[PDB]
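Chains as they are written, first to last, in UniProt numbering: chain A, 114 to 710; chain B, 114 to 710; chain C, 114 to 710. Where a beta carbon is used, it is the ideal one built from N, C-alpha and C, also for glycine. Working notes for the structure below.
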Amino acid sequence: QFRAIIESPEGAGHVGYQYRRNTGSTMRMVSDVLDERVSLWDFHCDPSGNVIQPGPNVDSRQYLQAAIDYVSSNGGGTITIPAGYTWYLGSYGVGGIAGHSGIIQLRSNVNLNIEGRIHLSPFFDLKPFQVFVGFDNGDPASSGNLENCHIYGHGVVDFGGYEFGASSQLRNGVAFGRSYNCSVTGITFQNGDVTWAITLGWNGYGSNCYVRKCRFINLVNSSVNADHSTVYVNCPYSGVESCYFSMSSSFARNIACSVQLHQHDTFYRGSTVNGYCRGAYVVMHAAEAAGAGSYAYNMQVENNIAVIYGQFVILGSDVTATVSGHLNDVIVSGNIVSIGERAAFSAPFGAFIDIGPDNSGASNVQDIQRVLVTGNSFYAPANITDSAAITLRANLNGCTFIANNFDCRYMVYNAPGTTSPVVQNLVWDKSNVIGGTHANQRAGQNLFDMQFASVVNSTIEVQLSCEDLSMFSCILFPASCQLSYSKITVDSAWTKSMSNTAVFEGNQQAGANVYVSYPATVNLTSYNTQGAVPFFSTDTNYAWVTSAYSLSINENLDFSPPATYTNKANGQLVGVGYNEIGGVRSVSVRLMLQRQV
Amino acid sequence: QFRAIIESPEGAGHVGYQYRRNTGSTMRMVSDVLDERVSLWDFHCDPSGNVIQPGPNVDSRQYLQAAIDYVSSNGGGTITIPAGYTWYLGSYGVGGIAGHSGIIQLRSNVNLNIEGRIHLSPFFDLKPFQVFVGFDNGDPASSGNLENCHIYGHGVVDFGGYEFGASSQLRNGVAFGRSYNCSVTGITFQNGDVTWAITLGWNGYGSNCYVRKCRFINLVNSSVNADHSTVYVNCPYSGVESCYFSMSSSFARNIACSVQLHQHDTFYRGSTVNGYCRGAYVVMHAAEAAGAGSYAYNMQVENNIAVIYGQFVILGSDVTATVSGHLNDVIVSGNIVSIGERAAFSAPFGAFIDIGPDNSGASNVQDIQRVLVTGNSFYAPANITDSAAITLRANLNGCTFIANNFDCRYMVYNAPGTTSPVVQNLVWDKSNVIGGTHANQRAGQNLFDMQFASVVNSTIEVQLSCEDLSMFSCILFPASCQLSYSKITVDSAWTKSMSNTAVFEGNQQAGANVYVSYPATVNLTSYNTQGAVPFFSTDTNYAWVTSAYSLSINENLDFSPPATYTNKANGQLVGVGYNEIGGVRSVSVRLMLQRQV
Amino acid sequence: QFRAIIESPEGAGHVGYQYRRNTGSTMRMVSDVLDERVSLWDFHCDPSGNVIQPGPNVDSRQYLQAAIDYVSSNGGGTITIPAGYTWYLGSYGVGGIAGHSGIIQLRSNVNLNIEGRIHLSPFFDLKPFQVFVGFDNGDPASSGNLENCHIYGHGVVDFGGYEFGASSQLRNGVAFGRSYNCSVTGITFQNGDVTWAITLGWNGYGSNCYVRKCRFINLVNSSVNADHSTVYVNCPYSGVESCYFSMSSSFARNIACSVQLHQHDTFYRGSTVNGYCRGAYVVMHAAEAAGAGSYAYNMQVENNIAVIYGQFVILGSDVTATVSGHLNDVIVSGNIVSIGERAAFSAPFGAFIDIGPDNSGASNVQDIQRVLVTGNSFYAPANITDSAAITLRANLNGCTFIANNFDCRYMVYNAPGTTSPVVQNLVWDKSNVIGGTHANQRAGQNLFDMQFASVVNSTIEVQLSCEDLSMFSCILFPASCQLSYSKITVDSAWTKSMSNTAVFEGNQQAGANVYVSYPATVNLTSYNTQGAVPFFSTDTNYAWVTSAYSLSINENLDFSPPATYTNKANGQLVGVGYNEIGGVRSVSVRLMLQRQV
Ligand SMILES: CC(=O)N[C@@H]1[C@@H](O[C@H]2O[C@H](CO)[C@H](O[C@H]3O[C@H](CO[C@@H]4O[C@@H](C)[C@H](O)[C@@H](O)[C@H]4O)[C@@H](O)[C@H](O)[C@H]3O)[C@H](O[C@@H]3O[C@H](CO)[C@@H](O)[C@H](O)[C@H]3NC(C)=O)[C@H]2O)[C@H](O)[C@@H](CO)O[C@@H]1O
Ligand SMILES: CC(=O)N[C@@H]1[C@@H](O[C@H]2O[C@H](CO)[C@H](O[C@H]3O[C@H](CO[C@@H]4O[C@@H](C)[C@H](O)[C@@H](O)[C@H]4O)[C@@H](O)[C@H](O)[C@H]3O)[C@H](O[C@@H]3O[C@H](CO)[C@@H](O)[C@H](O)[C@H]3NC(C)=O)[C@H]2O)[C@H](O)[C@@H](CO)O[C@@H]1O
Ligand SMILES: CC(=O)N[C@@H]1[C@@H](O[C@H]2O[C@H](CO)[C@H](O[C@H]3O[C@H](CO[C@@H]4O[C@@H](C)[C@H](O)[C@@H](O)[C@H]4O)[C@@H](O)[C@H](O)[C@H]3O)[C@H](O[C@@H]3O[C@H](CO)[C@@H](O)[C@H](O)[C@H]3NC(C)=O)[C@H]2O)[C@H](O)[C@@H](CO)O[C@@H]1O
Ligand code: NA
Ligand code: NA
Ligand code: NA
Ligand code: NA
Ligand code: NA
Ligand code: NA
């Protein structure tokens with residue numbers, strides 16, 4: 114019996130131990146100390162209790178699930194997935210996670226320290242899957258919560274390289290579910306064709322979920338893949354920080370986004386992206402409003418580094434039959450972004466900010482306002498015609514740009530003959546610096562191409578920092594665009610040789626509450642009078658001008674044109690110059706035309 | 114004897130072990146390997162060495178203290194507080210921590226990995242307490258240091274929900290003391306009525322202390338609670354990053370602040386706050402200047418998200434009989450903040466920046482300068498009368514605002530008939546965007562209400578981005594406010610219909626070194642002369658004007674008023690217009706009035 | 114035999130264990146569970162397998178190397194360096210690391226959890242060393258990679274205080290080598306005279322290497338030390354975050370830099386520096402371009418706090434016989450920096466941004482462009498003559514400044530009679546706020562001292578916020594500096610009493626594509642005519658002026674000078690004023706002179 118007890122599975126339970134021989138310490142057994150930790154080895158055994166080695170011909174799923182289920186039953190703990198081994202998963206889970214194509218069911222308070230590698234076996238080729246699932250019911254609305262579940266370590270989740278079998282399939286790494294205080298830290302997710310790597314929350318249910326110091330590498334690989342967002346943040350008070358995202362696939366340049374921020378008080382910070390179509394969507398979907406209300410507010414995209422092929426930040430909000438979503442109180446700051454090398458029009462239209470339609474193309478459902486875009490840099494190579502600081506493609510209730518540096522083809526753009534957004538409260542401060550990479554590339558183009566239904570309560574203060582005489586105009590409003598209660602200015606620097614600076618194809622600058630200024634060339638004739646003598650414009654399209662002043666030198670000795678002008682009822686400009694000697698004078702002069710400024 | 118040895122507490126000390134059967138590895142005993150780790154179980158035992166189960170009727174204090182004391186004696190290590198259990202504390206500690214109402218005494222090099230839960234028992238109801246204390250003497254000035262002490266894990270400190278018994282009591286979670294290289298990471302502090310959750314340092318003594326990835330939830334619950342600051346940073350080279358702070362109590366909206374930054378080279382970054390009165394104080398108290406000098410400099414509040422009811426950042430500095438505190442070299446950047454939904458005047462006056470008096474109400478002791486506030490967003494709902502970008506309530510030696518977006522009732526405010534601050538070096542750049550939420554709400558109010566003793570070396574460049582004809586003025590200086598060596602401008606956009614733009618109730622704009630411009634309506638009469646003809650203002654209050662220019666169109670054919678004006682000794686404006694046909698002219702015109710700009 | 118087996122090193126291999134008595138768990142032996150972890154104790158033994166205690170007379174090197182080598186052979190894991198002990202290293206390693214003066218060779222997948230202390234023994238006094246080396250060959254070009262190697266914990270690497278023996282020696286803490294997914298977290302590096310603490314990558318080979326939450330304290334101590342950079346980042350997709358850097362040595366104020374960012378997609382964030390010469394270099398060395406190309410792009414320096422004695426960020430790029438390096442797409446944001454207290458000229462010239470020559474002094478090899486410097490604060494005490502926002506000492510292809518607050522002696526500076534940079538695309542937005550600390554200190558100095566060969570496509574919008582009548586000028590161009598296609602403006606506020614505002618010593622403001630404005634004092638005489646009457650300047654150096662306007666009041670009743678002026682062919686200004694009564698008038702007036710603006 115002594116020997117038999119010691120050799121039996123209860124042997125460690127008979128060997129005494131006291132910490133460091135301290136007579137004040139608990140008199141324990143070895144088993145009690147070993148029981149303070151737990152690994153997959155404690156469950157990775159045959160029906161006789163003999164350990165099984167992991168490998169490509171072993172399905173580790175049931176063993177990991179048994180470990181999770183047991184630790185849960187004791188109120189939680191942390192299960193180690195050992196280093197130096199690859200643990201393969203080769204079958205679906207059962208029960209509530211089956212409605213999610215789930216492999217492993219996560220449980221509250223049960224953390225996973227992944228030090229080794231978790232691979233998917235070829236069972237999963239061409240099939241849907243969600244590797245780790247925190248829902249406990251196939252219907253998320255009927256699911257319980259997942260709380261206090263953290264996945265962390267130096268290890269790896271490898272999706273086996275398998276393509277999707279059909280575009281309608283879904284694949285995920287970690288779905289925390291209705292998740293409260295859950296996180297992923299340090300993990301590398303790689304080698305897949307998946308929809309998401311990590312999802313947080315469900316339709317606003319959850320809180321305090323985070324993804325930190327994770328790597329996401331090569332997670333789209335086929336034309337079958339319908340769509341990819343690496344992290345979907347669908348609960349408030351949650352976010353992504355200090356992560357690395359990389360794709361190499363052509364497909365990823367057309368379909369993949371790094372982050373979705375879909376509920377209030379969410380953030381995306383300090384991360385690096387390469388090879389993606391898109392950086393982040395910041396969106397309130399009415400269809401996702403159940404758990405945390407109808408407003409996405411306190412949305413922060415800061416201090417990221419990106420090389421993308423489409424758009425960096427995409428804003429949206431939409432409606433359902435019974436709910437209306439709203440997006441407000443957003444900050445986009447400190448990001449350094451560029452469109453990677455590509456042919457013009459070879460990926461979705463390049464942009465720093467996109468105001469996008471809804472998923473069904475509607476541009477008249479959005480309620481997006483109180484956005485601050487400040488202190489960012491954007492660059493697109495000179496060949497990329499389709500590059501803009503903002504593509505403004507749906508109704509906009511406000512967006513403010515201050516102190517950014519935008520070096521791309523367009524500043525503000527929307528395609529003509531497409532949507533006709535209603536724009537309010539678009540503010541483009543004079544402190545936005547417009548780069549010169551695309552100088553000479555702009556034939557036929559307007560730098561600010563105001564292809565909108567209407568613009569109200571808006572400010573566009575254009576400041577060039579180099580010449581680009583190729584552009585048709587600095588800013589153009591088609592006659593279809595109403596303009597009211599707005600300030601539009603074009604600083605004169607680098608504009609002396611421009612044929613057109615600001616263009617109002619419907620004469621909209623004449624509006625009662627339109628405040629404008631821009632340079633123009635004007636032909637003047639004087640009267641014959643020696644001495645103080647009036648000069649008048651030969652054209653009559655200045656009835657809107659409140660004052661104008663000279664931007665040209667006077668090469669003459671015997672007279673000078675007026676330094677300043679106002680107008681007359683018939684639309685001429687008039688000012689008082691000086692004839693040292695009499696005579697009718699005729700001059701062409703560059704003027705700053707001003708209205709109410 | 115073999116069997117007896119094995120079953121005894123030294124048994125593990127007799128069972129040999131060699132790592133992985135490696136013949137090159139140390140020949141050890143099992144006990145040596147078990148001795149590499151340590152948990153509360155190794156000390157949580159009765160006088161006979163039998164383990165005690167934790168629970169609500171067990172006081173775990175003495176056992177945890179014994180563990181800390183023993184590990185300290187070996188030069189440190191990390192004690193695990195096991196997952197799956199709640200460890201209750203039910204008595205005060207003894208010795209040096211007793212003067213701090215202490216429960217547990219922390220010791221140098223002894224880290225706590227809290228995986229389970231630490232609860233306070235009802236012994237503590239209505240009483241003061243500090244759960245973990247790093248002082249070793251009841252007099253902090255006589256205390257030794259705490260160094261290299263880190264508290265981390267997935268676990269919880271729960272304060273038991275108990276109210277304070279008297280407002281004069283103090284409660285804390287972690288007081289590191291005179292703390293060098295100490296930190297808290299990952300811990301949830303919840304369910305309390307406390308003064309602080311964590312304090313770092315003591316009166317400038319300490320260094321390199323941090324709070325990272327912690328949660329602070331529902332830490333004020335009663336009207337008895339005098340005051341709450343969740344983290345008090347009282348040593349240099351220290352800070353708070355990536356934390357979550359939430360309150361639900363009405364009381365918290367009136368009393369609670371998230372962070373105190375009280376010594377140089379301190380920071381508060383990347384955190385989310387909801388339900389608090391205040392975000393952070395940035396203060397140099399003379400009474401706290403012993404350990405790190407009399408200056409708080411290199412103070413950083415960046416990239417936070419907040420919903421508060423009072424003020425986001427509060428600046429201060431003060432004096433004692435023998436020490437003077439100074440605050441300088443501060444940056445507040447990238448924050449997105451809003452005043453939560455509340456009635457006007459129902460909480461402390463809403464503000465992004467407050468320049469506050471000292472704790473005894475004095476407004477003439479401060480030395481605050483070299484502050485940069487840039488790239489932040491602030492919003493307050495339209496009903497909140499008491500909302501301002503800056504409430505400037507005490508003497509200010511400098512503060513600079515660049516490229517912020519402020520959407521609230523006031524830009525600059527101080528209450529009339531209260532303090533009369535002396536203001537120097539207040540810079541409000543034109544790149545600050547003024548939102549429109551409060552348009553139409555401003556009857557009787559001045560957007561910039563300059564209720565100061567004096568303003569010098571200051572810049573206010575007002576730029577509207579929508580109309581608000583309800584306001585009395587854009588900026589007003591009462592006659593009691595001296596103004597000198599300053600630049601005050603009001604851009605004309607959205608101002609055509611304003612009765613008052615800039616108001617100087619003491620004619621201060623006439624100062625020799627005052628540089629101003631703002632719009633006004635002026636009535637002009639001309640002489641009868643055909644040809645070049647002067648126009649003169651009918652009022653005589655323009656003796657300060659250096660130039661003026663038209664902001665109005667000229668509806669006439671037969672004449673034009675001057676485009677530009679200067680003045681005359683008697684205070685009229687004068688300019689040269691043009692009478693195509695003679696006659697006395699009378700016009701009303703909107704002018705930009707300029708002085709030295 | 115039972116007893117002998119149990120007492121032998123295989124004893125633990127005979128004692129059965131089953132986790133928590135769970136009948137579903139693996140039937141293991143105690144040794145299997147102990148084998149899940151590994152420490153230095155498992156290798157720190159004599160040839161008979163008896164444990165050796167560490168200490169100052171024990172060389173732990175061979176034991177730690179044996180541990181690393183063994184764990185590597187099993188596919189990796191984490192070796193604990195135990196707390197409560199100091200482990201001394203006292204000899205060089207052997208093999209591939211010997212060409213790097215290496216002590217310990219790191220291996221892939223083998224992490225080090227340093228909880229205790231690692232000290233260098235006096236064997237290393239006056240000698241080179243690299244403590245941990247990830248190269249596997251003495252020739253880095255012939256080295257294999259290091260991957261998945263993480264060093265972390267609460268412990269310490271102490272360099273023993275030893276001085277360098279010769280300036281040509283190199284010393285390092287961690288050289289990861291050709292390093293992929295390697296990191297250091299939490300470690301304190303202290304007490305040394307070293308070249309680097311940590312190097313990441315080798316000549317562009319590597320990826321995803323990081324330094325987080327580390328401390329670097331007193332790592333230069335002698336005049337022998339040639340040069341120090343605490344972290345050298347020489348692989349892409351890598352960076353430094355949330356670290357603390359401190360020096361106390363006089364030598365460090367002249368030689369030490371905190372960070373080198375030398376490859377694309379690298380970052381330096383959230384860190385605090387004190388006592389260093391320099392903050393960070395951001396450089397593309399042609400000599401380092403092998404692994405990741407010839408371009409350093411996506412370079413981010415954000416949200417740091419620093420007290421330095423030289424320059425905060427230094428930009429560079431250079432060439433070799435066959436490679437050309439390029440630097441572009443850089444952002445420097447949110448930093449708060451100051452030059453520490455020191456005498457003028459007592460350390461390298463103080464600067465926020467330096468555009469530095471190459472290591473051999475060449476100023477005509479650089480290709481630096483697309484840089485955004487925004488939302489930073491800089492301060493230097495008033496005595497520090499040698500302090501500038503930017504020292505622009507080498508060719509510059511672009512740099513943009515928006516919304517910074519610079520409080521130092523110079524805004525833009527280069528020494529006269531030194532290099533003559535070619536400058537393109539230097540943009541200084543009007544939103545940069547110029548502080549007043551150095552007011553009254555600027556006798557003989559130009560605030561913007563444009564000591565360049567040429568300036569093109571540049572913008573300098575000078576805005577003062579207080580007077581400084583000591584300065585010679587706000588901006589000066591020597592006649593040797595060509596100026597073209599540029600915008601130079603001096604706002605009038607605080608300039609009324611300045612003798613010189615903008616100075617063009619070669620009359621460069623007359624260029625066809627130069628856009629300028631600045632204040633000047635001008636003497637005017639009128640004709641005798643009653644009524645509208647011309648005024649003309651008595652000097653003739655205004656042939657470049659397109660318009661001018663009054664900045665002065667008119668003290669006269671009987672006449673007024675013109676509000677606005679243009680010029681004439683002979684270089685006079687001319688405008689139309691008004692003589693109520695006739696007579697020749699003579700006045701001196703402050704004008705805003707304008708050219709093409
Ligand atoms: C890839 C991506 O994120 N694309 C976003 C786009 O998101 C919408 O389209 C994607 C396409 O993959 C998602 O829609 C697919 O998935 C949902 C959800 O799956 C079901 O519910 C989950 C909980 C369960 O585990 C599954 O087994 C399914 O039963 C399907 O209902 C839908 O038919 C399918 O096309 C995405 O859905 C959201 O997904 C997140 C993350 O898993 C969930 O938290 C949300 O509950 C779910 N929302 C809805 C309303 O169901 C779609 O929302 C965005 O719309 C767009 C703008 O931001 O950006 C990208 O294109
Ligand atoms: C809640 C808060 O932080 N409020 C700040 C306000 O801070 C001042 O008022 C609070 C009120 O709670 C503190 O004053 C109380 O506590 C001090 C300190 O307690 C004593 O010393 C500690 C070390 C010991 O452990 C205790 O047992 C006590 O013996 C009392 O002296 C005082 O009478 C009492 O009202 C706060 O004191 C500071 O507290 C921090 C954190 O613990 C300590 O590091 C400092 O040493 C201590 N300072 C002083 C000068 O004693 C008061 O400073 C701020 O003044 C205000 C502006 O920033 O913001 C909030 O209102
Ligand atoms: C201290 C510092 O970082 N200074 C930078 C300056 O950097 C250059 O000068 C330093 C002086 O210490 C380095 O040059 C010294 O070291 C190199 C490299 O050592 C050799 O290669 C390594 C891999 C091996 O382990 C060693 O045993 C050596 O065989 C010597 O070649 C050189 O002769 C010597 O003066 C620095 O070199 C770079 O160092 C990093 C970090 O270790 C390596 O990753 C690079 O491969 C290596 N580069 C080159 C081209 O060899 C020099 O580049 C910067 O130039 C300057 C501008 O940024 O800022 C600071 O002054
Ligand atoms: Na499903
Ligand atoms: Na329309
Ligand atoms: Na006390
Ligand atoms: Na006064
Ligand atoms: Na070498
Ligand atoms: Na030259």
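Three-state secondary structure (DSSP) at residue 174 (chain B)?
helix
Taking 8 angstroms as the CB-CB cut-off, is residue 267 (chain C) touching chain A?
Output row for residue 267 (chain C): interface = no.
Counting only Cβ pairs nearer than 7 angstroms, list the residues of chain F close to residue 116 (chain B).
Among the chains of the structure shown, chain F does not appear; the protein chains present are A, B and C.
Quick check on residue 485 (chain B) - is its C-beta less than 8 angstroms from some C-beta in chain C?
yes
Do you know how far the Cα of residue 249 (chain B) is from the Cα of residue 255 (chain B)?
8 angstroms
Can you grab the Cα-Cα spacing for the pair residue 712 (chain B) / residue 693 (chain C), in whole Å?
Residue 712 (chain B) falls outside the range modelled here, since chain B spans only 114 to 710, and no answer is possible.
Using a Cβ-Cβ cut-off of 7 angstroms (strictly less than) and excluding sequence neighbours within five positions of residue 667 (chain C), which residues of its own chain qualify?
673, 674
Between which two residues does the beta strand (DSSP E) holding residue 231 (chain B) run?
Segment 230-233, the beta strand (DSSP E) holding residue 231 (chain B).
Any C-beta of chain A within less than 8 angstroms: which residues of the segment 363-395 of chain C qualify?
378, 380, 382
Check whether the segment 159-168 of chain A touches the segment 182-190 of chain A, counting contact only when three or more Cβ pairs, one atom from each stretch, lie closer than 8 angstroms.
By the Cβ test, the segment 159-168 of chain A is not in contact with the segment 182-190 of chain A, since fewer than three Cβ pairs between them sit closer than 8 angstroms.
Go ahead and pull the three-state DSSP assignment for residue 366 (chain B).
Note: residue 366 (chain B) maps to helix in three-state DSSP.
Report the residues of the segment 654-668 of chain B with a CB closer than 9 angstroms to any CB of chain C, ordered along the chain.
Here the close residues are 656, 657, 658, 659, 660, 661, 662.
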